[PDB]
Amino acid sequence: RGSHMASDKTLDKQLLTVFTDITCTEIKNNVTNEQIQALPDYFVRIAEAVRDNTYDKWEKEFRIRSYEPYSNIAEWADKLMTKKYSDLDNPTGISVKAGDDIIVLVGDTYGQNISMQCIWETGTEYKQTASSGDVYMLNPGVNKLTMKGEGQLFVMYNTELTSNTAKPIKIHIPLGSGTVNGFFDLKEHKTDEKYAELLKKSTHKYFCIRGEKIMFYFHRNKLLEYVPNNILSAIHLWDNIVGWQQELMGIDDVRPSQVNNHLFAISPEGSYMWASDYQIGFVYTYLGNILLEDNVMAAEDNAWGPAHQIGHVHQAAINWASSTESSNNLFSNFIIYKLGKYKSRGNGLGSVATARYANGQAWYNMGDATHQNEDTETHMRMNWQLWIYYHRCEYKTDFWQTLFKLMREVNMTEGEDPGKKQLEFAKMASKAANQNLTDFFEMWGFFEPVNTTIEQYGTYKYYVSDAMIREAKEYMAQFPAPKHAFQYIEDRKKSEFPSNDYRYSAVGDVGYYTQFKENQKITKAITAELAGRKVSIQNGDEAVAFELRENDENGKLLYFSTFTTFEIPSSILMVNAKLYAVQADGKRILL
Ligand SMILES: [Zn+2]
């Protein structure tokens with residue numbers, strides 16, 4: 001009002017004489033009905049509603065909201081070495097049609113820059129919810145947005161969360177601007193009753209459900225088909241699944257304090273299931289196996305499939321080309337374990353003996369001579385043994401969290417140099433355990449030289465030289481000897497499976513995890529009887545494996561088995577070979 005100041009713009013001057021602030025949610029003291037009626041008609045209707053209490057309560061719950069801040073997704077995908085999470089953390093619950101004019105009244109923004117985004121559909125061969133849409137700049141105060149297209153509105157508020165300007169921003173989308181669809185928020189709305197009511201009153205093709213860690217944005221008519229009246233067990237289940245994967249990654253230091261974005265599940269009208277940057281997807285005809293917990297638990301693969309897909313979002317730090325369809329199964333297997341119904345997936349260690357010692361294979365071509373067709377069933381046991389030993393047997397219950405930390409320090413992309421990355425993984429695993437895991441990684445094929453090109457979502461030079469191998473072994477040798485020969489570990493018993501299940505014959509007779517956990521010792525008088533190439537072990541059930549070694553127990557590994565009866569392959573050289581039993585702690589006993 002001094003001469004030094006520019007006048008306020010015209011509408012701002014008028015609104016701020018009737019209303020407490022530019023959000024127009026409260027009538028200022030001693031304003032008259034005449035002052036209300038001199039407003040533009042659009043704002044008359046709102047002043048009226050705010051003066052009287054005629055704002056439909058349902059409408060108000062979404063038309064007036066304070067939007068909390070969320071972190072930036074590109075920044076955190078880089079720092080955490082993941083695929084990008086969603087930035088659709090902030091639904092408004094308002095839908096629109098092309099040509100709609102939308103008034104958006106933005107309160108104090110504390111210097112933050114925010115926008116509004118309209119999210120609809122994409123696809124050529126079928127349709128799915130898009131990961132982005134029309135973006136509209138927002139400024140503090142009055143905004144009029146004219147919709148280029150239909151969809152639902154999301155507030156885009158992404159910033160540094162620690163800063164004390166990172167506060168919620170109050171935004172009023174008043175009456176007459178678009179359509180209230182609503183959305184369900186777990187913490188705010190709390191109950192299945194509230195969910196059922198919100199869904200009922202919604203009208204849009206899609207309805208948004210916001211959990212703590214994951215969000216659903218699924219076809220309305222499917223939610224009505226499968227879960228008309230309940231969402232809580234569905235949303236808690238998928239929150240837990242995402243949370244359990246996050247647990248292993250050792251990121252509690254930054255989540256939720258600095259990174260808080262959700263994963264965002266859509267329902268494409270095609271494909272099957274997948275995860276990538278910005279969104280994960282479940283074909284809309286499959287949604288019965290997502291939204292009902294009983295369907296999730298009714299078959300092994302109903303939790304496995306989705307867990308696997310989400311694991312792709314999280315694998316990069318510890319993954320490298322050749323492993324891309326197995327390394328995420330650390331997460332799939334952790335989720336099966338957590339849910340408590342089924343046993344772990346993967347081949348048995350016989351597959352690894354066969355690959356390594358019968359066929360001369362290394363990690364990159366383990367069970368795959370083609371170098372482009374990963375034997376995921378064999379590979380997936382590697383990360384999982386590390387979990388079974390350090391976590392399930394409790395020898396180091398923060399092993400994985402530590403290894404993820406170290407691999408994030410290593411900061412190698414999955415594809416830049418996989419031959420080097422496999423060694424960095426072995427070195428960091430040793431560092432994480434504070435143990436020399438040479439024997440483990442030797443068995444798993446990490447110490448064979450490679451010079452070739454593989455294909456796995458791209459062509460990659462795979463190069464592992466003797467010097468790299470020597471450097472890594474020297475590196476790992478600085479740590480104390482491991483307490484157990486847990487390269488022979490299992491978390492499954494033959495009797496847990498039907499006889500035509502692939503695991504029944506695969507898993508072997510010895511090496512079960514309790515033998516490691518109870519530091520079992522071999523006391524009985526083990527003996528071996530050989531006939532041709534066939535080996536039979538008598539009273540050897542206290543062992544965890546049997547080895548064939550050149551010259552003595554410190555010589556090269558020629559073959560191994562976790563069965564008490566096995567054949568030695570034709571290819572193995574027998575002169576100078578000797579046979580041993582392995583007890584859990586790594587003592588070898590001549591047979
Ligand atoms: Zn996959």
Side-chain angles (χ1 to χ4, degrees), residues 77 80-86 128 131 214 238 241-242 244-246 248-249 263-268 270-287 289-290 296 299-339 342-347 351 363-368 370-387 400 404 407 412-415 418 421-422 425 444 454-460 462 502-503:
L80 306 177
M81 299 191 82
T82 68
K83 296 193 189 315
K84 300 205 199 175
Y85 278 41
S86 182
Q128 66 194 41
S131 68
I214 191 164
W238 293 104
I241 285 165
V242 173
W244 280 320
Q245 300 197 15
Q246 289 169 351
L248 293 186
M249 292 164 79
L263 307 176
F264 189 97
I266 61 161
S267 46
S271 85
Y272 177 44
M273 66 177 50
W274 48 267
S276 64
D277 291 307
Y278 316 112
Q279 44 173 45
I280 75 193
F282 304 116
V283 60
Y284 74 133
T285 48
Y286 185 78
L287 286 171
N289 293 330
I290 299 303
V296 172
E300 291 208 8
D301 192 52
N302 289 0
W304 183 270
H308 177 93
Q309 306 302 333
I310 296 164
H312 280 306
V313 176
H314 296 137
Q315 67 190 151
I318 68 168
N319 181 54
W320 64 93
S322 74
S323 308
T324 293
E325 291 297 341
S326 60
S327 58
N328 55 323
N329 290 334
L330 167 70
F331 300 110
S332 316
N333 273 313
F334 190 56
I335 298 309
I336 296 316
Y337 171 73
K338 284 290 176 168
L339 290 175
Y342 297 110
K343 304 296 171 186
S344 74
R345 308 282 308 172
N347 288 339
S351 294
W363 173 266
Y364 81 100
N365 63 350
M366 188 171 292
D368 177 29
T370 72
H371 316 167
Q372 65 199 92
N373 193 21
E374 188 187 357
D375 180 357
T376 66
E377 292 283 347
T378 300
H379 267 176
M380 77 171 89
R381 297 306 298 180
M382 190 277 293
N383 285 329
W384 194 239
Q385 288 180 302
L386 294 169
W387 186 84
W400 266 107
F404 261 99
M407 286 306 295
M412 281 176 90
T413 64
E414 295 162 279
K421 197 171 182 182
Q422 82 177 34
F425 178 79
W444 275 107
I454 67 160
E455 198 297 333
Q456 191 177 51
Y457 309 126
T459 52
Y460 305 90
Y462 206 111
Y502 75 116
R503 294 169 282 184

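Hydrogens, waters and symmetry mates play no part in the numbers below; they use all other heavy atoms, side chains included. FYI, the numbering just counts along the sequence from 1. When a ligand or atom number is given, it counts from 1 through the structure's own listing order.
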(request) Sort by chain and number the protein N/O/S atoms found under 2.8 Å from the Zn ion (ligand 1). (result)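 Sorted hits: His308 NE2, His312 NE2, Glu325 OE1.
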(request) Would you please name every residue forming a salt bridge (charged side-chain N to carboxylate O under 4.0 Å, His left out) with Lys343, sequence neighbours left out? (result)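 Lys343: salt bridge (charged side-chain N to carboxylate O under 4.0 Å, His left out) contacts with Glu496.
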(request) Quick one: list whatever passes salt bridge (charged side-chain N to carboxylate O under 4.0 Å, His left out) with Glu455, sequence neighbours left out. (result)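 Testing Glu455 for salt bridge (charged side-chain N to carboxylate O under 4.0 Å, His left out), a comparison that skips the adjacent residues, returns none.
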(request) Consider only side-chain N and O atoms of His314 and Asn328, and report whether a donor and an acceptor are under 3.5 Å apart. (result)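 No - no donor-acceptor pair under 3.5 Å links their side chains.
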(message) Ignoring hydrogens and geometry beyond distance, is a side-chain donor-acceptor pair present between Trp320 and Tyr462 at under 3.5 Å?
(response)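 Indeed, the side chains of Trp320 and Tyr462 share at least one donor-acceptor pair under 3.5 Å.
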(request) Would you please name every residue forming a side chain to side chain donor-acceptor pair (under 3.5 Å) with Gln309, sequence neighbours left out? (result)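 Expected list: none.
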(request) Check the angle between the aromatic planes of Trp387 and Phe334 and answer parallel, tilted or perpendicular using the 30° and 60° thresholds. (result)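 Perpendicular, since the angle between the ring planes exceeds 60°.
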